[PDB]
Amino acid sequence: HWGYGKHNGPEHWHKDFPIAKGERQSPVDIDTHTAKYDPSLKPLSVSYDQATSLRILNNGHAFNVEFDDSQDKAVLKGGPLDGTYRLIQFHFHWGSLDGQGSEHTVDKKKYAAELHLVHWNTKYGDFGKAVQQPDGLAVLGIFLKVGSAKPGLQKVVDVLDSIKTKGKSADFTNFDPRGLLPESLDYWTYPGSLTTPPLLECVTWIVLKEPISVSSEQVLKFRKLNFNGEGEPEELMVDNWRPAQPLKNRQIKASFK
Ligand SMILES: [Zn+2]
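Residues numbered from 1 in each chain as written, not as in the entry; some residues may be left out. Heavy atoms only, no water.

Some points on the overall build of the protein chain
Here is step 1 of the chain: When you go through the protein chain residue by residue, the secondary structure sums to 3 helices and 15 strands.
Here is step 2 of the chain: Taking 2.2 N^0.38 as the reference for a compact globule, 257 residues should give roughly 18 Å; the C-alpha atoms of the protein chain span a radius of gyration of 17 Å, in line with that estimate.
Here is step 3 of the chain: Considering only contacts in the protein chain between residues 6 or more positions apart, those separated by 24 or more positions represent 70%.
Here is step 4 of the chain: Here the protein chain has roughly 11,700 Å² of accessible surface; of this, 50% comes from carbon and sulfur atoms.
Here is step 5 of the chain: Positive and negative side-chain charges of the protein chain, numbering 31 and 32 respectively, have mean locations separated by a distance of 3 Å. (Helix = DSSP H or I, 4+ residues; strand = E, 2+ residues; numbered from the N terminus. Rg over C-alpha atoms; globule rule 2.2 N^0.38 Å. Contact = heavy atoms within 4.5 Å. Areas by Shrake-Rupley, 256 points an atom, 1.4 Å probe, with all protein chains shown as cover. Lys, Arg positive; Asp, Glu negative; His and termini not counted. Charge placed at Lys NZ, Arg CZ, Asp CG, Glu CD.)

Right under this line is the structure:
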């Protein structure tokens, strides 16, 4: 099916998923000098106090840390968002080298990786219904640059050996997502889509200005993961990012000056 290789990568996705050349596709390049400061935006509210992590899984494209979203235990509100959005999962996109890996880019600059915290609008009852709405999802994007280690990320790094191949999953209870956030919550926001098939245009993207730092050793372990399933020829899980798409008829708003 779809992938990130030469014969099934982003350049090929539009064939089975024509929305790939749609009206509001993601990611996009954030031209910092074109974004409009919007004083009408309210403060961003990240309430991960009662977040309950359950499991970590390698789905063949990346790995997801899933959360219990049966109640409002970990939610995102405020900013450009109307209503409450529940955290359902988070995952990363990274490169084979430190100079690439992020999906969104800032003034064309590519970061080593990008963290995506996925939330869905509770007014729609469930995730499956939410992805069918223009304001169904809110994804918080955080850039990762290589430098000093991120303490809150180590617990994830250490369990990657147990989910090396496609299909594998491990228990991952009691993980605190708050440990992955940078100091500042300043951000850029625009209407977009999922960055992987089915590329549904149901996302309000919230991209933080301040990146977090991870160590060379930490990212190296991400690159040891496999796209393939157990007992198959090894394909390192690297460069699982979609390149920037045309902004088209959209405007990027900034929460800061
Ligand atoms: Zn993502």
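What to know about the UniProt feature "binding site: substrate" in the protein chain
Here is step 1 of the chain: As annotated in UniProt, the feature "binding site: substrate" corresponds to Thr195 and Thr196 in the numbering used here. Lining the largest pocket, from the set of annotated residues above, are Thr195 and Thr196.
Here is step 2 of the chain: Within the secondary structure layout, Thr195 lies in the loop between β12 (187-192) and β13 (203-208).
Here is step 3 of the chain: On the accessibility criterion, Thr195 (6% relative accessible area) is buried.
Here is step 4 of the chain: Excluding residues within four positions of it along the chain, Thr195 makes contact with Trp13, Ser26, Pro27, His93, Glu103, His116, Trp205 and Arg242.
Here is step 5 of the chain: A polar contact of 2.6 Å, which involves the side chain of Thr195, links it to the side chain of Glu103.
Here is step 6 of the chain: Note that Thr196 resides in the loop between β12 and β13.
Here is step 7 of the chain: On the basis of relative accessible area, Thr196 is assigned to the partly exposed category, the value being 21%. (UniProt positions renumbered as here; feature names shortened; annotations may be inferred. 1 Å grid on protein atoms, 1.4 Å probe; cavity = no way out; pocket = protein on both sides within 12 Å on 5 of 7 lines; lining within 4 Å. Buried < 20%, exposed > 50% of the residue type's maximum accessible area, 1.4 Å probe, protein only. Polar contact = N/O pair within 3.5 Å; in protein donor to acceptor, adjacent residues only side chain to side chain.)

Some details on the coordination of the zinc ion
Here is step 1 of the chain: On the protein side, the zinc ion has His91 (NE2), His93 (NE2) and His116 (ND1) as donor atoms, found 2.1 Å from it.
Here is step 2 of the chain: Ordering the donors of the zinc ion by residue number gives the pattern H-x1-H-x22-H. (Donors = N, O, S within 2.8 Å, 3.2 Å for Na, K, Ca; no water.)

Describing the layout of surface pockets
Here is step 1 of the chain: Volume-wise, the largest pocket comes out at about 380 Å³.
Here is step 2 of the chain: Lining the largest pocket are 21 residues, and of these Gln89, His91, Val118, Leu194 and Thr196 sit closest to its centre.
Here is step 3 of the chain: Elements with a minimum of two residues in the lining of the largest pocket: β7 (85-94), β9 (113-121) and β10 (137-146).
Here is step 4 of the chain: In terms of residue count, the dominant contributor to the lining of the largest pocket is β7 (3 residues).
Here is step 5 of the chain: Looking at the lining of the largest pocket residue by residue, the classes come out as 12 nonpolar, 9 polar and no charged.
Here is step 6 of the chain: When its volume is computed, the second largest pocket comes out at roughly 220 Å³.
Here is step 7 of the chain: If you trace the second largest pocket, you find 13 residues lining it, with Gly3, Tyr4, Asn8, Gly60 and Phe227 closest to the centre. (Points joined across faces, edges and corners; volume = space filled by probe spheres on them. Nonpolar A, V, L, I, M, F, W, Y, C, P; charged D, E, K, R; others polar.)

Thoughts on empty space enclosed by the protein
Here is step 1 of the chain: Enumeration over the complete set of coordinates arrives at 1 cavity of 30 Å³ or more.
Here is step 2 of the chain: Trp94, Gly95, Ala112, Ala113, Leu144, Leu153, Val214, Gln218, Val219, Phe222 and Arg223 are the residues that line the largest cavity.
Here is step 3 of the chain: By residue number, the principal contributor to the lining of the largest cavity is helix α3 (residues 216-222), which donates 3 residues.
Here is step 4 of the chain: Residues belonging to the lining of the largest cavity are distributed by class as follows: 8 nonpolar, 2 polar and 1 charged.

Focus on the environment of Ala35
Here is step 1 of the chain: Within the secondary structure layout, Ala35 lies in the loop between β1 (29-30) and β2 (36-37).
Here is step 2 of the chain: As for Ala35 and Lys15, which are separated by 20 residues in sequence, their C-alpha atoms are 32 Å apart.
Here is step 3 of the chain: Setting aside chain neighbours within four positions, we find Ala35 in contact with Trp188, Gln251, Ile252 and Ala254.

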